[PDB]
$ cat structure-v8.pdb   # PDB, C-alpha atoms and all ligand atoms
ATOM      1  CA  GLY A 325     -11.311 -15.675 -11.282
ATOM      2  CA  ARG A 326     -10.059 -12.798  -9.153
ATOM      3  CA  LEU A 327      -7.655 -10.335 -10.681
ATOM      4  CA  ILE A 328      -4.738  -8.262  -9.285
ATOM      5  CA  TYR A 329      -5.516  -4.640 -10.184
ATOM      6  CA  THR A 330      -2.790  -1.908 -10.328
ATOM      7  CA  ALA A 331      -3.843   1.712 -10.403
ATOM      8  CA  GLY A 332      -1.845   4.871 -11.009
ATOM      9  CA  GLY A 333       1.842   5.162 -10.343
ATOM     10  CA  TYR A 334       4.786   7.186 -11.419
ATOM     11  CA  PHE A 335       7.174   7.127 -14.383
ATOM     12  CA  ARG A 336       8.442  10.642 -15.356
ATOM     13  CA  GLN A 337       5.075  11.828 -14.139
ATOM     14  CA  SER A 338       1.964  10.527 -12.297
ATOM     15  CA  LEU A 339       0.037   7.978 -14.321
ATOM     16  CA  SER A 340      -3.604   7.124 -15.108
ATOM     17  CA  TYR A 341      -3.299   3.319 -15.922
ATOM     18  CA  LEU A 342      -5.666   0.820 -14.452
ATOM     19  CA  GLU A 343      -4.419  -2.557 -15.433
ATOM     20  CA  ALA A 344      -5.271  -6.010 -14.172
ATOM     21  CA  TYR A 345      -3.234  -9.220 -14.067
ATOM     22  CA  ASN A 346      -4.799 -12.727 -14.179
ATOM     23  CA  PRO A 347      -2.449 -15.085 -12.340
ATOM     24  CA  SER A 348      -4.171 -18.256 -13.675
ATOM     25  CA  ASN A 349      -3.338 -17.476 -17.329
ATOM     26  CA  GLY A 350      -0.571 -14.854 -17.082
ATOM     27  CA  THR A 351      -2.435 -12.202 -19.090
ATOM     28  CA  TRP A 352      -2.985  -8.515 -18.552
ATOM     29  CA  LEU A 353      -6.133  -6.450 -19.081
ATOM     30  CA  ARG A 354      -6.281  -2.732 -19.808
ATOM     31  CA  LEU A 355      -9.191  -1.077 -17.994
ATOM     32  CA  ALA A 356     -10.605   2.468 -17.731
ATOM     33  CA  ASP A 357      -8.017   5.185 -16.940
ATOM     34  CA  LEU A 358      -8.228   7.087 -13.640
ATOM     35  CA  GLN A 359      -9.938  10.494 -13.991
ATOM     36  CA  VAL A 360      -6.857  12.336 -12.542
ATOM     37  CA  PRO A 361      -3.377  10.787 -12.697
ATOM     38  CA  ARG A 362      -1.982   9.839  -9.292
ATOM     39  CA  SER A 363       0.977   8.304  -7.610
ATOM     40  CA  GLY A 364       1.600   7.362  -4.007
ATOM     41  CA  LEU A 365      -2.029   6.377  -3.645
ATOM     42  CA  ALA A 366      -3.303   3.236  -1.976
ATOM     43  CA  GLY A 367      -5.697   0.667  -3.417
ATOM     44  CA  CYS A 368      -8.239  -1.410  -1.528
ATOM     45  CA  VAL A 369     -11.426  -3.407  -2.198
ATOM     46  CA  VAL A 370     -14.687  -3.257  -0.310
ATOM     47  CA  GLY A 371     -17.688  -5.306  -1.495
ATOM     48  CA  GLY A 372     -16.358  -6.083  -5.010
ATOM     49  CA  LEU A 373     -15.442  -2.380  -5.631
ATOM     50  CA  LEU A 374     -11.893  -1.065  -6.034
ATOM     51  CA  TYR A 375     -11.068   2.192  -4.214
ATOM     52  CA  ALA A 376      -8.162   4.516  -5.050
ATOM     53  CA  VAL A 377      -7.348   6.654  -2.076
ATOM     54  CA  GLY A 378      -5.070   9.693  -1.726
ATOM     55  CA  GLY A 379      -1.731  10.166  -3.451
ATOM     56  CA  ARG A 380      -0.379  13.044  -5.569
ATOM     57  CA  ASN A 381      -0.583  14.381  -9.103
ATOM     58  CA  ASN A 382       3.040  15.055 -10.140
ATOM     59  CA  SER A 383       2.691  16.606 -13.600
ATOM     60  CA  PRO A 384       4.808  18.877 -15.888
ATOM     61  CA  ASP A 385       2.944  22.035 -14.684
ATOM     62  CA  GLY A 386       3.072  21.331 -10.927
ATOM     63  CA  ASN A 387       2.401  19.007  -7.985
ATOM     64  CA  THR A 388      -0.809  18.541  -6.007
ATOM     65  CA  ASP A 389      -1.384  16.148  -3.107
ATOM     66  CA  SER A 390      -4.796  14.459  -3.282
ATOM     67  CA  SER A 391      -7.510  14.131  -0.803
ATOM     68  CA  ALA A 392      -9.570  12.179  -3.391
ATOM     69  CA  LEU A 393     -11.267   8.876  -3.079
ATOM     70  CA  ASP A 394     -12.573   7.245  -6.252
ATOM     71  CA  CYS A 395     -14.431   3.983  -6.741
ATOM     72  CA  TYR A 396     -13.885   1.619  -9.731
ATOM     73  CA  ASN A 397     -16.651  -0.902 -10.527
ATOM     74  CA  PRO A 398     -15.294  -3.861 -12.465
ATOM     75  CA  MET A 399     -18.896  -4.639 -13.658
ATOM     76  CA  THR A 400     -19.312  -1.322 -15.382
ATOM     77  CA  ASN A 401     -15.642  -0.356 -16.058
ATOM     78  CA  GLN A 402     -16.215   3.136 -14.676
ATOM     79  CA  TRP A 403     -14.539   5.294 -11.987
ATOM     80  CA  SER A 404     -16.830   7.410  -9.845
ATOM     81  CA  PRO A 405     -15.790  10.199  -7.422
ATOM     82  CA  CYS A 406     -16.568   9.661  -3.666
ATOM     83  CA  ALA A 407     -16.485  11.992  -0.660
ATOM     84  CA  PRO A 408     -12.918  13.295  -0.217
ATOM     85  CA  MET A 409     -10.845  12.950   2.926
ATOM     86  CA  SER A 410     -10.466  15.806   5.394
ATOM     87  CA  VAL A 411      -6.849  16.388   4.221
ATOM     88  CA  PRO A 412      -4.641  15.465   1.254
ATOM     89  CA  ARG A 413      -2.615  12.348   1.911
ATOM     90  CA  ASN A 414       0.214  11.474  -0.432
ATOM     91  CA  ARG A 415       2.149   8.239   0.380
ATOM     92  CA  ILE A 416      -0.867   7.047   2.414
ATOM     93  CA  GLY A 417      -1.535   3.677   4.020
ATOM     94  CA  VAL A 418      -4.976   2.044   3.966
ATOM     95  CA  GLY A 419      -6.674  -1.026   5.457
ATOM     96  CA  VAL A 420     -10.217  -2.249   5.488
ATOM     97  CA  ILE A 421     -12.009  -3.430   8.712
ATOM     98  CA  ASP A 422     -15.608  -4.606   8.422
ATOM     99  CA  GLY A 423     -16.324  -2.801   5.231
ATOM    100  CA  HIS A 424     -14.720   0.502   6.305
ATOM    101  CA  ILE A 425     -11.662   2.007   4.717
ATOM    102  CA  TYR A 426      -8.978   3.421   7.071
ATOM    103  CA  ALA A 427      -6.730   6.124   5.640
ATOM    104  CA  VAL A 428      -3.566   6.297   7.700
ATOM    105  CA  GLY A 429      -0.903   9.035   7.672
ATOM    106  CA  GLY A 430       0.523  10.423   4.472
ATOM    107  CA  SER A 431       1.548  13.965   3.663
ATOM    108  CA  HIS A 432       0.295  17.234   2.455
ATOM    109  CA  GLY A 433       3.194  19.315   1.278
ATOM    110  CA  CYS A 434       5.571  19.231   4.237
ATOM    111  CA  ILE A 435       2.875  18.280   6.772
ATOM    112  CA  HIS A 436       3.442  14.676   7.858
ATOM    113  CA  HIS A 437       0.157  13.296   9.250
ATOM    114  CA  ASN A 438      -0.448  11.241  12.283
ATOM    115  CA  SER A 439      -4.238  11.588  11.792
ATOM    116  CA  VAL A 440      -6.382   8.630  10.706
ATOM    117  CA  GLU A 441      -9.772   8.700   9.172
ATOM    118  CA  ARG A 442     -12.391   6.103   8.357
ATOM    119  CA  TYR A 443     -14.654   5.823   5.303
ATOM    120  CA  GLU A 444     -18.135   4.317   5.423
ATOM    121  CA  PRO A 445     -19.203   3.327   1.897
ATOM    122  CA  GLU A 446     -22.847   2.874   2.834
ATOM    123  CA  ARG A 447     -23.039   6.557   3.725
ATOM    124  CA  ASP A 448     -20.189   8.092   1.661
ATOM    125  CA  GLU A 449     -18.648   9.865   4.704
ATOM    126  CA  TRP A 450     -15.200  10.142   6.312
ATOM    127  CA  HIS A 451     -14.785  10.529  10.058
ATOM    128  CA  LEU A 452     -11.609  11.117  12.028
ATOM    129  CA  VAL A 453     -10.611   8.438  14.498
ATOM    130  CA  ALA A 454      -7.809   8.416  17.115
ATOM    131  CA  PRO A 455      -4.531   9.714  15.798
ATOM    132  CA  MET A 456      -1.421   7.540  15.580
ATOM    133  CA  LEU A 457       1.450   7.850  18.150
ATOM    134  CA  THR A 458       3.878   8.803  15.321
ATOM    135  CA  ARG A 459       3.542  10.827  12.143
ATOM    136  CA  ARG A 460       4.096   8.405   9.278
ATOM    137  CA  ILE A 461       4.241   8.786   5.528
ATOM    138  CA  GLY A 462       5.154   5.986   3.195
ATOM    139  CA  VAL A 463       3.606   3.792   5.917
ATOM    140  CA  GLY A 464       2.613   0.150   5.221
ATOM    141  CA  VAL A 465      -0.721  -0.864   6.639
ATOM    142  CA  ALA A 466      -2.127  -4.381   7.348
ATOM    143  CA  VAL A 467      -5.239  -5.661   9.023
ATOM    144  CA  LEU A 468      -5.063  -8.804  11.150
ATOM    145  CA  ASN A 469      -7.583 -10.073  13.760
ATOM    146  CA  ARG A 470      -9.604  -6.927  13.199
ATOM    147  CA  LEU A 471      -6.699  -4.820  14.299
ATOM    148  CA  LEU A 472      -5.036  -2.325  12.069
ATOM    149  CA  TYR A 473      -1.234  -2.270  11.971
ATOM    150  CA  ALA A 474       0.807   0.779  10.725
ATOM    151  CA  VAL A 475       4.400  -0.282   9.934
ATOM    152  CA  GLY A 476       7.452   1.927   9.266
ATOM    153  CA  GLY A 477       7.421   5.055   7.270
ATOM    154  CA  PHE A 478       8.964   8.502   7.660
ATOM    155  CA  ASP A 479       8.031  10.914  10.410
ATOM    156  CA  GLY A 480       9.378  14.166   8.879
ATOM    157  CA  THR A 481      12.818  13.767  10.421
ATOM    158  CA  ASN A 482      13.496  10.075  11.022
ATOM    159  CA  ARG A 483      12.888   7.046   8.889
ATOM    160  CA  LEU A 484      11.217   4.424  11.078
ATOM    161  CA  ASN A 485      11.519   0.771  12.118
ATOM    162  CA  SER A 486       8.709   1.303  14.598
ATOM    163  CA  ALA A 487       5.230  -0.101  14.287
ATOM    164  CA  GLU A 488       1.891   0.462  15.979
ATOM    165  CA  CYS A 489      -1.448  -1.245  16.454
ATOM    166  CA  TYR A 490      -4.932   0.273  16.246
ATOM    167  CA  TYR A 491      -7.861  -1.193  18.312
ATOM    168  CA  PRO A 492     -11.126  -0.182  16.620
ATOM    169  CA  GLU A 493     -13.331  -1.162  19.557
ATOM    170  CA  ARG A 494     -11.288   0.828  22.064
ATOM    171  CA  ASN A 495     -10.297   3.640  19.572
ATOM    172  CA  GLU A 496      -6.664   3.602  20.675
ATOM    173  CA  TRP A 497      -3.152   2.914  19.319
ATOM    174  CA  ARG A 498      -0.309   1.017  21.043
ATOM    175  CA  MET A 499       3.325   0.627  19.948
ATOM    176  CA  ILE A 500       4.398  -2.958  19.071
ATOM    177  CA  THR A 501       7.815  -4.496  18.567
ATOM    178  CA  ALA A 502       9.977  -2.580  16.160
ATOM    179  CA  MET A 503      11.200  -4.177  12.915
ATOM    180  CA  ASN A 504      14.796  -5.236  12.422
ATOM    181  CA  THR A 505      15.246  -2.706   9.597
ATOM    182  CA  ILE A 506      14.115   0.881   9.160
ATOM    183  CA  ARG A 507      11.765   0.939   6.136
ATOM    184  CA  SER A 508       9.741   3.712   4.494
ATOM    185  CA  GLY A 509       7.857   2.880   1.289
ATOM    186  CA  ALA A 510       7.803  -0.852   2.059
ATOM    187  CA  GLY A 511       5.106  -3.252   0.932
ATOM    188  CA  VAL A 512       3.022  -4.433   3.909
ATOM    189  CA  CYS A 513       0.434  -7.304   3.773
ATOM    190  CA  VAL A 514      -0.900 -10.214   5.888
ATOM    191  CA  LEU A 515      -0.451 -13.842   4.848
ATOM    192  CA  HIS A 516      -1.702 -16.650   7.083
ATOM    193  CA  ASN A 517      -1.271 -15.289  10.560
ATOM    194  CA  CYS A 518       1.623 -12.903   9.904
ATOM    195  CA  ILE A 519       2.404  -9.340   8.815
ATOM    196  CA  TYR A 520       5.030  -9.144   6.080
ATOM    197  CA  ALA A 521       7.054  -5.978   5.340
ATOM    198  CA  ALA A 522       8.916  -6.254   2.055
ATOM    199  CA  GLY A 523      11.489  -3.884   0.665
ATOM    200  CA  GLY A 524      11.372  -0.168   1.243
ATOM    201  CA  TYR A 525      14.059   2.431   1.901
ATOM    202  CA  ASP A 526      16.226   2.619   5.018
ATOM    203  CA  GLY A 527      17.566   6.167   4.513
ATOM    204  CA  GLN A 528      20.561   4.886   2.533
ATOM    205  CA  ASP A 529      19.537   2.089   0.147
ATOM    206  CA  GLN A 530      16.454   0.450  -1.358
ATOM    207  CA  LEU A 531      15.961  -2.897   0.264
ATOM    208  CA  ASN A 532      15.357  -6.413  -0.918
ATOM    209  CA  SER A 533      14.984  -7.894   2.560
ATOM    210  CA  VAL A 534      11.628  -9.061   3.806
ATOM    211  CA  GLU A 535      10.541  -9.691   7.371
ATOM    212  CA  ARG A 536       7.466 -10.983   9.050
ATOM    213  CA  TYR A 537       5.827 -10.346  12.319
ATOM    214  CA  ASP A 538       4.338 -13.311  14.099
ATOM    215  CA  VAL A 539       1.670 -12.053  16.442
ATOM    216  CA  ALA A 540       1.924 -15.036  18.839
ATOM    217  CA  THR A 541       5.646 -14.455  19.596
ATOM    218  CA  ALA A 542       5.656 -10.672  19.009
ATOM    219  CA  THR A 543       8.881 -10.982  16.994
ATOM    220  CA  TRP A 544      10.024  -9.899  13.555
ATOM    221  CA  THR A 545      11.947 -12.547  11.508
ATOM    222  CA  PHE A 546      13.757 -12.223   8.170
ATOM    223  CA  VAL A 547      12.523 -14.473   5.411
ATOM    224  CA  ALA A 548      13.850 -14.939   1.898
ATOM    225  CA  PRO A 549      14.830 -11.614   0.207
ATOM    226  CA  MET A 550      13.299 -10.444  -3.065
ATOM    227  CA  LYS A 551      15.319 -10.637  -6.270
ATOM    228  CA  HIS A 552      15.072  -6.858  -6.766
ATOM    229  CA  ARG A 553      15.549  -4.193  -4.141
ATOM    230  CA  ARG A 554      12.557  -1.931  -4.194
ATOM    231  CA  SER A 555      10.732   0.913  -2.503
ATOM    232  CA  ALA A 556       7.291   2.483  -3.266
ATOM    233  CA  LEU A 557       6.244  -0.996  -4.457
ATOM    234  CA  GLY A 558       2.666  -2.330  -4.642
ATOM    235  CA  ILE A 559       1.811  -5.489  -2.796
ATOM    236  CA  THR A 560      -1.050  -7.844  -2.471
ATOM    237  CA  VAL A 561      -1.908 -11.412  -1.556
ATOM    238  CA  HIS A 562      -3.559 -13.784  -3.981
ATOM    239  CA  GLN A 563      -4.342 -17.480  -3.370
ATOM    240  CA  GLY A 564      -1.865 -17.839  -0.571
ATOM    241  CA  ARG A 565       1.042 -16.036  -2.230
ATOM    242  CA  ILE A 566       2.403 -12.492  -1.998
ATOM    243  CA  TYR A 567       2.751 -10.437  -5.143
ATOM    244  CA  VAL A 568       4.941  -7.318  -5.285
ATOM    245  CA  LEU A 569       4.673  -5.050  -8.269
ATOM    246  CA  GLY A 570       6.987  -2.411  -9.516
ATOM    247  CA  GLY A 571       8.767   0.169  -7.417
ATOM    248  CA  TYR A 572      12.039   2.077  -7.673
ATOM    249  CA  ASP A 573      15.322   0.162  -7.244
ATOM    250  CA  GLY A 574      17.774   3.073  -6.801
ATOM    251  CA  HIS A 575      18.207   3.546 -10.548
ATOM    252  CA  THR A 576      15.254   2.147 -12.519
ATOM    253  CA  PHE A 577      11.475   2.119 -12.195
ATOM    254  CA  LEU A 578      10.798  -1.560 -12.158
ATOM    255  CA  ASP A 579       8.310  -3.504 -14.265
ATOM    256  CA  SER A 580       9.032  -6.721 -12.376
ATOM    257  CA  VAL A 581       6.347  -8.678 -10.552
ATOM    258  CA  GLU A 582       7.613 -11.126  -7.960
ATOM    259  CA  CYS A 583       5.610 -13.769  -6.145
ATOM    260  CA  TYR A 584       6.459 -15.199  -2.731
ATOM    261  CA  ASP A 585       5.503 -18.773  -1.839
ATOM    262  CA  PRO A 586       5.613 -19.241   1.922
ATOM    263  CA  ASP A 587       5.743 -23.055   1.772
ATOM    264  CA  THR A 588       8.990 -23.079  -0.163
ATOM    265  CA  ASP A 589      10.117 -19.643   1.220
ATOM    266  CA  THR A 590      11.130 -18.501  -2.226
ATOM    267  CA  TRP A 591      10.505 -15.558  -4.523
ATOM    268  CA  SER A 592      10.081 -15.826  -8.221
ATOM    269  CA  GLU A 593       9.540 -13.358 -11.042
ATOM    270  CA  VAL A 594       6.224 -14.273 -12.623
ATOM    271  CA  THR A 595       5.438 -11.436 -15.014
ATOM    272  CA  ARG A 596       6.262  -7.901 -15.962
ATOM    273  CA  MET A 597       3.993  -4.912 -16.011
ATOM    274  CA  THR A 598       3.447  -3.292 -19.383
ATOM    275  CA  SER A 599       5.753  -0.457 -18.261
ATOM    276  CA  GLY A 600       8.006   0.233 -15.237
ATOM    277  CA  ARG A 601       6.440   2.287 -12.462
ATOM    278  CA  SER A 602       6.465   3.022  -8.767
ATOM    279  CA  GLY A 603       3.971   4.203  -6.192
ATOM    280  CA  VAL A 604       1.005   2.236  -7.487
ATOM    281  CA  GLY A 605      -2.134   1.192  -5.597
ATOM    282  CA  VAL A 606      -2.863  -2.517  -5.883
ATOM    283  CA  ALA A 607      -5.675  -4.803  -4.743
ATOM    284  CA  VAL A 608      -7.477  -8.025  -5.601
ATOM    285  CA  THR A 609     -11.112  -8.692  -6.589
TER     286      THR A 609
HETATM  287  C1  LIG B 701      13.242   8.415  -7.552
HETATM  288  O1  LIG B 701      12.037   9.017  -8.041
HETATM  289  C2  LIG B 701      10.768   8.696  -7.619
HETATM  290  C3  LIG B 701       9.728   9.555  -7.983
HETATM  291  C4  LIG B 701       8.436   9.274  -7.581
HETATM  292  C5  LIG B 701       8.171   8.142  -6.804
HETATM  293  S1  LIG B 701       6.668   7.782  -6.344
HETATM  294  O2  LIG B 701       6.409   6.429  -6.719
HETATM  295  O3  LIG B 701       5.712   8.631  -7.012
HETATM  296  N1  LIG B 701       6.281   7.818  -4.783
HETATM  297  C6  LIG B 701       7.036   7.790  -3.645
HETATM  298  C7  LIG B 701       8.321   8.322  -3.433
HETATM  299  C8  LIG B 701       9.006   8.075  -2.218
HETATM  300  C9  LIG B 701       8.404   7.314  -1.199
HETATM  301  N2  LIG B 701       9.017   6.860  -0.076
HETATM  302  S2  LIG B 701      10.362   5.957  -0.185
HETATM  303  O4  LIG B 701      10.565   5.496   1.154
HETATM  304  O5  LIG B 701      10.021   4.846  -1.020
HETATM  305  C10 LIG B 701      11.710   6.636  -0.748
HETATM  306  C11 LIG B 701      12.428   7.520   0.045
HETATM  307  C12 LIG B 701      13.607   8.092  -0.433
HETATM  308  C13 LIG B 701      14.081   7.770  -1.704
HETATM  309  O6  LIG B 701      15.240   8.322  -2.202
HETATM  310  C14 LIG B 701      15.820   9.524  -1.689
HETATM  311  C15 LIG B 701      13.365   6.882  -2.499
HETATM  312  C16 LIG B 701      12.190   6.314  -2.021
HETATM  313  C17 LIG B 701       7.150   6.748  -1.452
HETATM  314  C18 LIG B 701       6.536   5.959  -0.481
HETATM  315  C19 LIG B 701       5.280   5.412  -0.677
HETATM  316  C20 LIG B 701       4.618   5.635  -1.858
HETATM  317  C21 LIG B 701       5.197   6.419  -2.839
HETATM  318  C22 LIG B 701       6.470   6.987  -2.650
HETATM  319  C23 LIG B 701       9.204   7.273  -6.457
HETATM  320  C24 LIG B 701      10.499   7.551  -6.860
END
$ encode --input "structure-v8.pdb" --output "structure tokens"
Amino acid sequence: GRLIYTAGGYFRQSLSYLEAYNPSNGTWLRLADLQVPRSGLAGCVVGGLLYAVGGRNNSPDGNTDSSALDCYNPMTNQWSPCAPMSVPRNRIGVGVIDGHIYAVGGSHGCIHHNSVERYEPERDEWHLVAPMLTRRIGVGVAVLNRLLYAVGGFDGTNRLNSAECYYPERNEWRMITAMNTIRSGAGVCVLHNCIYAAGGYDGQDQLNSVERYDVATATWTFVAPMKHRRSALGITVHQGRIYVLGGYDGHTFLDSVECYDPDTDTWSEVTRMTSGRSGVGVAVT
């Protein structure tokens, strides 16, 4: 009975929605609003708890990048504040390894981070780990074989097709094979033994293409393209399928949710959010 949760986002301004989708019956739940509206945040789950990490509050008055970390408990329907990160990180990537949340890249104003920090929920503390090789914002992050992958993004000058691999036991990064397509703001997840990068922005157009990295062969391969081009999309995996939610298509903030089935290699539109939005954090619990 797991749900896909979607937190925050952007439509005219940063949003406070926490909504959940139930793929078994196609219904949506409206849950407790975020304390502070945020977009460009990342969502992850550790031990049944949903965490909303980083992002930005883009409001009528002004804009503030967020160093915040907040914890949503589905049992109690309440957000609680956690220890903040060392720096604000808008357009952040995040992965979880062994119960620890990794906050990768992102921006603070015009500073494009290569730093990486790790959150320990048992102790409510962030600690810096080794920095990435490249500054990356709008970076997609996936965890496979207890390694953390940082894919694409924007370094401050160049939009990137490069990707790198973090080794927690050695505390070191290495560059891996570059993608076929430059992508910032892509959706990045892991399904079966592969990293998928879906959509994003190549510096000219929003993309519908989708590629996957097979770790055995160290090669990126195109798979079936989404129906909508999209960047700043949310992404998750649920019962063996990839779900992509929202994003910006070049003209509209999308309410479309597409599902990818790897056995048929096809995308289908399975629901719509209650309103169109980009830059959401998404996770499953
Ligand atoms: C068009 O208006 C927008 C206003 C706000 C927003 S957002 O949803 O609040 N966040 C973001 C905005 C941009 C990002 N990088 S990008 O590569 O996708 C991109 C780059 C250039 C573009 O065109 C010139 C469009 C998208 C984001 C990346 C990750 C997460 C959030 C991003 C989205 C759209």
$ resolve_selection --input "structure-v8.pdb" --expression "the PyMOL selection byres (((chain A and resi 556) around 9) and not hetatm)" --output "ChimeraX atom specification"
/A:364,415,462,508-511,523-525,554-555,557-558,570-572,602-604
$ closest_residue --input "structure-v8.pdb" --among "A:560, A:532, A:382, A:391" --to "residue A:573" --atoms "all atoms listed in the file"
A:532
$ closest_residue --input "structure-v8.pdb" --among "A:466, A:481, A:581, A:561" --to "residue A:327" --atoms "only C-alpha atoms"
A:561
$ closest_atom_pairs --input "structure-v8.pdb" --of "stretch 350-374 of chain A" --to "stretch 429-448 of chain A" --cutoff "10 Å" --atoms "all atoms listed in the file" --output "tab-separated table"
residue	atom	partner	partner_atom	distance
A:364	CA	A:430	CA	9.1
A:365	CA	A:430	CA	9.4
A:370	CA	A:445	CA	8.3
A:371	CA	A:445	CA	9.4
$ write_last_selection --input "structure-v8.pdb" --atoms "C-alpha atoms" --output "CSV table (one decimal), keeping the file's coordinate frame"
chain,number,residue,atom,x,y,z
A,364,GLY,CA,1.6,7.4,-4.0
A,365,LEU,CA,-2.0,6.4,-3.6
A,370,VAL,CA,-14.7,-3.3,-0.3
A,371,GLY,CA,-17.7,-5.3,-1.5
$ atom_distance --input "structure-v8.pdb" --atom1 "atom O4 of ligand LIG 701 (chain B)" --atom2 "atom CA of residue A:469"
27.0 Å
$ atom_distance --input "structure-v8.pdb" --atom1 "atom CA of residue A:379" --atom2 "atom CA of residue A:367"
10.3 Å
$ resolve_selection --input "structure-v8.pdb" --expression "the PyMOL selection byres (((chain A and resi 346) around 10) and not hetatm)" --output "ChimeraX atom specification"
/A:325-329,344-345,347-353
$ resolve_selection --input "structure-v8.pdb" --expression "the PyMOL selection byres (((chain A and resi 489) around 8) and not hetatm)" --output "VMD selection string"
chain A and resid 471 to 474 487 to 488 490 to 491 497 to 500
$ build_atoms --input "structure-v8.pdb" --residues "stretch 399-413 of chain A" --atoms "N, CA, C and O atoms" --output "PDB file, keeping the file's coordinate frame"
ATOM      1  N   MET A 399     -17.698  -4.271 -12.855  1.00  0.00           N
ATOM      2  CA  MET A 399     -18.896  -4.639 -13.658  1.00  0.00           C
ATOM      3  C   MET A 399     -19.251  -3.641 -14.734  1.00  0.00           C
ATOM      4  O   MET A 399     -19.815  -3.998 -15.746  1.00  0.00           O
ATOM      5  N   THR A 400     -18.911  -2.386 -14.508  1.00  0.00           N
ATOM      6  CA  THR A 400     -19.312  -1.322 -15.382  1.00  0.00           C
ATOM      7  C   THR A 400     -18.101  -0.642 -16.019  1.00  0.00           C
ATOM      8  O   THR A 400     -18.258   0.195 -16.898  1.00  0.00           O
ATOM      9  N   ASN A 401     -16.881  -0.999 -15.590  1.00  0.00           N
ATOM     10  CA  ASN A 401     -15.642  -0.356 -16.058  1.00  0.00           C
ATOM     11  C   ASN A 401     -15.616   1.171 -15.968  1.00  0.00           C
ATOM     12  O   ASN A 401     -15.137   1.873 -16.894  1.00  0.00           O
ATOM     13  N   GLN A 402     -16.182   1.697 -14.885  1.00  0.00           N
ATOM     14  CA  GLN A 402     -16.215   3.136 -14.676  1.00  0.00           C
ATOM     15  C   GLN A 402     -15.715   3.531 -13.265  1.00  0.00           C
ATOM     16  O   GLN A 402     -15.987   2.844 -12.273  1.00  0.00           O
ATOM     17  N   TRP A 403     -14.980   4.637 -13.231  1.00  0.00           N
ATOM     18  CA  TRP A 403     -14.539   5.294 -11.987  1.00  0.00           C
ATOM     19  C   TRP A 403     -15.624   6.250 -11.606  1.00  0.00           C
ATOM     20  O   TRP A 403     -16.158   6.928 -12.484  1.00  0.00           O
ATOM     21  N   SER A 404     -15.995   6.307 -10.337  1.00  0.00           N
ATOM     22  CA  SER A 404     -16.830   7.410  -9.845  1.00  0.00           C
ATOM     23  C   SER A 404     -16.158   8.099  -8.659  1.00  0.00           C
ATOM     24  O   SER A 404     -15.602   7.399  -7.796  1.00  0.00           O
ATOM     25  N   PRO A 405     -16.275   9.449  -8.573  1.00  0.00           N
ATOM     26  CA  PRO A 405     -15.790  10.199  -7.422  1.00  0.00           C
ATOM     27  C   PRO A 405     -16.605   9.907  -6.150  1.00  0.00           C
ATOM     28  O   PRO A 405     -17.820   9.688  -6.207  1.00  0.00           O
ATOM     29  N   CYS A 406     -15.928   9.848  -4.998  1.00  0.00           N
ATOM     30  CA  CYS A 406     -16.568   9.661  -3.666  1.00  0.00           C
ATOM     31  C   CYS A 406     -16.276  10.852  -2.766  1.00  0.00           C
ATOM     32  O   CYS A 406     -15.543  11.740  -3.167  1.00  0.00           O
ATOM     33  N   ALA A 407     -16.811  10.881  -1.554  1.00  0.00           N
ATOM     34  CA  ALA A 407     -16.485  11.992  -0.660  1.00  0.00           C
ATOM     35  C   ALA A 407     -14.953  12.039  -0.385  1.00  0.00           C
ATOM     36  O   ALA A 407     -14.303  11.015  -0.177  1.00  0.00           O
ATOM     37  N   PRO A 408     -14.367  13.228  -0.461  1.00  0.00           N
ATOM     38  CA  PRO A 408     -12.918  13.295  -0.217  1.00  0.00           C
ATOM     39  C   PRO A 408     -12.622  13.241   1.273  1.00  0.00           C
ATOM     40  O   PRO A 408     -13.495  13.492   2.076  1.00  0.00           O
ATOM     41  N   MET A 409     -11.382  12.971   1.585  1.00  0.00           N
ATOM     42  CA  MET A 409     -10.845  12.950   2.926  1.00  0.00           C
ATOM     43  C   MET A 409     -10.723  14.391   3.437  1.00  0.00           C
ATOM     44  O   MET A 409     -10.750  15.347   2.647  1.00  0.00           O
ATOM     45  N   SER A 410     -10.625  14.515   4.746  1.00  0.00           N
ATOM     46  CA  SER A 410     -10.466  15.806   5.394  1.00  0.00           C
ATOM     47  C   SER A 410      -9.184  16.535   4.953  1.00  0.00           C
ATOM     48  O   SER A 410      -9.142  17.755   4.989  1.00  0.00           O
ATOM     49  N   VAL A 411      -8.134  15.789   4.600  1.00  0.00           N
ATOM     50  CA  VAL A 411      -6.849  16.388   4.221  1.00  0.00           C
ATOM     51  C   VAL A 411      -6.261  15.570   3.093  1.00  0.00           C
ATOM     52  O   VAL A 411      -6.482  14.344   3.052  1.00  0.00           O
ATOM     53  N   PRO A 412      -5.488  16.214   2.203  1.00  0.00           N
ATOM     54  CA  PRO A 412      -4.641  15.465   1.254  1.00  0.00           C
ATOM     55  C   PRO A 412      -3.670  14.540   1.920  1.00  0.00           C
ATOM     56  O   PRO A 412      -3.138  14.860   2.957  1.00  0.00           O
ATOM     57  N   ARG A 413      -3.462  13.352   1.344  1.00  0.00           N
ATOM     58  CA  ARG A 413      -2.615  12.348   1.911  1.00  0.00           C
ATOM     59  C   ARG A 413      -1.834  11.610   0.802  1.00  0.00           C
ATOM     60  O   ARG A 413      -2.307  10.630   0.204  1.00  0.00           O
TER      61      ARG A 413
END
